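J.: Could you have a look at this structure, given as structure tokens, before my questions?
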Amino acid sequence: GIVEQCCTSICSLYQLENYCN
Amino acid sequence: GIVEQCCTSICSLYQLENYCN
Amino acid sequence: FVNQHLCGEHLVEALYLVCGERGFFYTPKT
Amino acid sequence: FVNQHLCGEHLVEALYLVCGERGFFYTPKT
């Protein structure tokens with residue numbers, strides 16, 4: 001999920017954007 | 001929507017809570 | 001005597017606080 | 001060193017910024 005990829009690890013702009021609607 | 005109820009106008013705690021999942 | 005309107009980033013923080021574990025949908029267009 | 005992780009409230013601000021008008025769903029779950 002987002003917490004795992006972005007908080008625990010580091011995410012790129014596109015991984016983050018993939019969580020938008 | 002939330003923007004018009006809460007930003008454009010003022011919303012109560014319950015109108016805000018109505019946008020929760 | 002402060003502004004009572006919740007807009008932008010502030011609207012999202014309010015939802016975060018108020019919804020807690022319920023979570024939410026943030027759809028600005030509607 | 002500076003921090004590159006987006007957690008809690010900061011993750012939600014990032015989604016707000018990046019998603020813009022698209023909106024998004026969020027659930028603080030662990």
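We label chains A, B, ... in the order they appear in the structure tokens, count residues from 1 in each chain, and number ligands from 1 in the order shown.
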DSSP on the backbone, alpha helix (DSSP H) only: what residues of chain B does that give? Format it as a list in words.

T.: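 Here is the list: residues 2, 13, 14, 15, 16 and 17 of chain B.
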
J.: Which chain C residues are at most 12 Å from chain A (counting only C-alpha atoms), as a ChimeraX atom specification?

T.: /C:25-29

J.: Give the superposed chain B as a PDB file with C-alpha atoms, in the first residue's frame, the fit being least squares on chain A over all ordered C-alpha pairs.

T.:
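out-v9.pdb was written with the following content:
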```pdb
ATOM      1  CA  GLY B   1      -0.030  -0.054   0.052  1.00  0.00           C
ATOM      2  CA  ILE B   2       0.791   3.665   0.154  1.00  0.00           C
ATOM      3  CA  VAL B   3       2.104   3.599   3.746  1.00  0.00           C
ATOM      4  CA  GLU B   4       4.636   0.884   2.985  1.00  0.00           C
ATOM      5  CA  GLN B   5       5.599   2.288  -0.433  1.00  0.00           C
ATOM      6  CA  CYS B   6       5.902   5.916   0.713  1.00  0.00           C
ATOM      7  CA  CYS B   7       6.332   5.954   4.465  1.00  0.00           C
ATOM      8  CA  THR B   8       8.239   2.721   5.168  1.00  0.00           C
ATOM      9  CA  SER B   9      10.021   2.952   1.885  1.00  0.00           C
ATOM     10  CA  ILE B  10      10.469   5.874  -0.511  1.00  0.00           C
ATOM     11  CA  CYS B  11       8.180   6.364  -3.475  1.00  0.00           C
ATOM     12  CA  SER B  12       8.618   8.168  -6.766  1.00  0.00           C
ATOM     13  CA  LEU B  13       6.098  10.760  -8.114  1.00  0.00           C
ATOM     14  CA  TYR B  14       4.359   8.069 -10.253  1.00  0.00           C
ATOM     15  CA  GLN B  15       3.935   5.521  -7.439  1.00  0.00           C
ATOM     16  CA  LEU B  16       2.326   8.287  -5.427  1.00  0.00           C
ATOM     17  CA  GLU B  17       0.171   9.432  -8.396  1.00  0.00           C
ATOM     18  CA  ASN B  18      -0.958   5.828  -8.749  1.00  0.00           C
ATOM     19  CA  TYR B  19      -3.053   6.339  -5.597  1.00  0.00           C
ATOM     20  CA  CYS B  20      -5.039   9.190  -7.122  1.00  0.00           C
ATOM     21  CA  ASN B  21      -8.640   8.711  -8.228  1.00  0.00           C
TER      22      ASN B  21
END
```

J.: Taking only C-alpha atoms into account, report as JSON, numbers by chain which residues of chain D lie within 10 Å of chain C.

T.: {"D": [8, 9, 10, 12, 13, 14, 15, 16, 17, 19, 20, 21, 22, 23, 24, 25, 26, 27, 28, 29, 30]}

J.: Please superimpose chain C upon chain D, fitting all C-alpha atoms matched one to one in order, and report the result as a PDB file with N, CA and C atoms, in the first residue's frame.

T.:
```
ATOM      1  N   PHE C   1      20.131  16.480   2.898  1.00  0.00           N
ATOM      2  CA  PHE C   1      20.049  15.244   3.721  1.00  0.00           C
ATOM      3  C   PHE C   1      18.929  15.499   4.713  1.00  0.00           C
ATOM      4  N   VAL C   2      17.715  15.159   4.292  1.00  0.00           N
ATOM      5  CA  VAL C   2      16.519  15.319   5.108  1.00  0.00           C
ATOM      6  C   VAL C   2      15.770  13.974   5.128  1.00  0.00           C
ATOM      7  N   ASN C   3      14.869  13.813   6.097  1.00  0.00           N
ATOM      8  CA  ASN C   3      14.096  12.591   6.178  1.00  0.00           C
ATOM      9  C   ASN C   3      13.235  12.490   4.902  1.00  0.00           C
ATOM     10  N   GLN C   4      13.230  11.310   4.300  1.00  0.00           N
ATOM     11  CA  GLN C   4      12.492  11.062   3.073  1.00  0.00           C
ATOM     12  C   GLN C   4      11.171  10.320   3.306  1.00  0.00           C
ATOM     13  N   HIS C   5      10.803  10.080   4.562  1.00  0.00           N
ATOM     14  CA  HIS C   5       9.562   9.366   4.869  1.00  0.00           C
ATOM     15  C   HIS C   5       8.402  10.349   4.964  1.00  0.00           C
ATOM     16  N   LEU C   6       7.234   9.903   4.494  1.00  0.00           N
ATOM     17  CA  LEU C   6       6.003  10.682   4.476  1.00  0.00           C
ATOM     18  C   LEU C   6       5.078   9.995   5.461  1.00  0.00           C
ATOM     19  N   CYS C   7       4.811  10.646   6.594  1.00  0.00           N
ATOM     20  CA  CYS C   7       4.010  10.094   7.660  1.00  0.00           C
ATOM     21  C   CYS C   7       3.027  11.096   8.173  1.00  0.00           C
ATOM     22  N   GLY C   8       1.904  10.564   8.641  1.00  0.00           N
ATOM     23  CA  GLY C   8       0.838  11.379   9.171  1.00  0.00           C
ATOM     24  C   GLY C   8       0.351  12.494   8.286  1.00  0.00           C
ATOM     25  N   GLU C   9       0.235  13.667   8.891  1.00  0.00           N
ATOM     26  CA  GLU C   9      -0.226  14.862   8.206  1.00  0.00           C
ATOM     27  C   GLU C   9       0.523  15.086   6.916  1.00  0.00           C
ATOM     28  N   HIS C  10       1.798  14.721   6.903  1.00  0.00           N
ATOM     29  CA  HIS C  10       2.620  14.925   5.728  1.00  0.00           C
ATOM     30  C   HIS C  10       2.250  14.019   4.583  1.00  0.00           C
ATOM     31  N   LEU C  11       1.746  12.850   4.923  1.00  0.00           N
ATOM     32  CA  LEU C  11       1.350  11.896   3.918  1.00  0.00           C
ATOM     33  C   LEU C  11       0.130  12.461   3.188  1.00  0.00           C
ATOM     34  N   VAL C  12      -0.778  13.041   3.962  1.00  0.00           N
ATOM     35  CA  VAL C  12      -2.023  13.655   3.441  1.00  0.00           C
ATOM     36  C   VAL C  12      -1.770  14.912   2.557  1.00  0.00           C
ATOM     37  N   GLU C  13      -0.742  15.695   2.890  1.00  0.00           N
ATOM     38  CA  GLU C  13      -0.406  16.876   2.100  1.00  0.00           C
ATOM     39  C   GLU C  13       0.163  16.394   0.768  1.00  0.00           C
ATOM     40  N   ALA C  14       0.993  15.357   0.807  1.00  0.00           N
ATOM     41  CA  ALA C  14       1.571  14.828  -0.417  1.00  0.00           C
ATOM     42  C   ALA C  14       0.471  14.370  -1.344  1.00  0.00           C
ATOM     43  N   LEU C  15      -0.509  13.644  -0.808  1.00  0.00           N
ATOM     44  CA  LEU C  15      -1.588  13.124  -1.629  1.00  0.00           C
ATOM     45  C   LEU C  15      -2.356  14.264  -2.237  1.00  0.00           C
ATOM     46  N   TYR C  16      -2.595  15.284  -1.440  1.00  0.00           N
ATOM     47  CA  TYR C  16      -3.330  16.443  -1.890  1.00  0.00           C
ATOM     48  C   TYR C  16      -2.600  17.032  -3.075  1.00  0.00           C
ATOM     49  N   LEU C  17      -1.308  17.305  -2.906  1.00  0.00           N
ATOM     50  CA  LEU C  17      -0.488  17.905  -3.966  1.00  0.00           C
ATOM     51  C   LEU C  17      -0.463  17.057  -5.241  1.00  0.00           C
ATOM     52  N   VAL C  18       0.002  15.821  -5.082  1.00  0.00           N
ATOM     53  CA  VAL C  18       0.167  14.851  -6.149  1.00  0.00           C
ATOM     54  C   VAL C  18      -1.114  14.410  -6.879  1.00  0.00           C
ATOM     55  N   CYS C  19      -2.211  14.193  -6.168  1.00  0.00           N
ATOM     56  CA  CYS C  19      -3.450  13.779  -6.810  1.00  0.00           C
ATOM     57  C   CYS C  19      -4.210  14.898  -7.461  1.00  0.00           C
ATOM     58  N   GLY C  20      -4.041  16.120  -6.969  1.00  0.00           N
ATOM     59  CA  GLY C  20      -4.745  17.247  -7.552  1.00  0.00           C
ATOM     60  C   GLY C  20      -6.238  17.032  -7.657  1.00  0.00           C
ATOM     61  N   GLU C  21      -6.787  17.319  -8.835  1.00  0.00           N
ATOM     62  CA  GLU C  21      -8.230  17.206  -9.125  1.00  0.00           C
ATOM     63  C   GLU C  21      -8.777  15.792  -9.152  1.00  0.00           C
ATOM     64  N   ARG C  22      -7.900  14.803  -9.126  1.00  0.00           N
ATOM     65  CA  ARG C  22      -8.327  13.421  -9.119  1.00  0.00           C
ATOM     66  C   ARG C  22      -8.931  13.109  -7.755  1.00  0.00           C
ATOM     67  N   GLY C  23      -8.365  13.700  -6.710  1.00  0.00           N
ATOM     68  CA  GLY C  23      -8.863  13.410  -5.379  1.00  0.00           C
ATOM     69  C   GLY C  23      -8.325  12.087  -4.863  1.00  0.00           C
ATOM     70  N   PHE C  24      -8.674  11.734  -3.636  1.00  0.00           N
ATOM     71  CA  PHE C  24      -8.165  10.497  -3.067  1.00  0.00           C
ATOM     72  C   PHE C  24      -8.955  10.026  -1.877  1.00  0.00           C
ATOM     73  N   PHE C  25      -8.569   8.837  -1.449  1.00  0.00           N
ATOM     74  CA  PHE C  25      -9.137   8.140  -0.327  1.00  0.00           C
ATOM     75  C   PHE C  25      -8.009   8.112   0.688  1.00  0.00           C
ATOM     76  N   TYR C  26      -8.242   8.453   1.948  1.00  0.00           N
ATOM     77  CA  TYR C  26      -7.145   8.345   2.873  1.00  0.00           C
ATOM     78  C   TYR C  26      -7.654   7.436   3.928  1.00  0.00           C
ATOM     79  N   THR C  27      -7.122   6.218   3.818  1.00  0.00           N
ATOM     80  CA  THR C  27      -7.404   5.073   4.669  1.00  0.00           C
ATOM     81  C   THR C  27      -6.106   4.672   5.359  1.00  0.00           C
ATOM     82  N   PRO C  28      -5.839   5.237   6.531  1.00  0.00           N
ATOM     83  CA  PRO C  28      -4.614   4.913   7.256  1.00  0.00           C
ATOM     84  C   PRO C  28      -4.446   3.466   7.727  1.00  0.00           C
ATOM     85  N   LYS C  29      -5.538   2.789   8.081  1.00  0.00           N
ATOM     86  CA  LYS C  29      -5.435   1.408   8.591  1.00  0.00           C
ATOM     87  C   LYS C  29      -4.886   0.415   7.583  1.00  0.00           C
ATOM     88  N   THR C  30      -5.309   0.529   6.327  1.00  0.00           N
ATOM     89  CA  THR C  30      -4.790  -0.367   5.308  1.00  0.00           C
ATOM     90  C   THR C  30      -3.384   0.091   4.899  1.00  0.00           C
TER      91      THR C  30
END
```
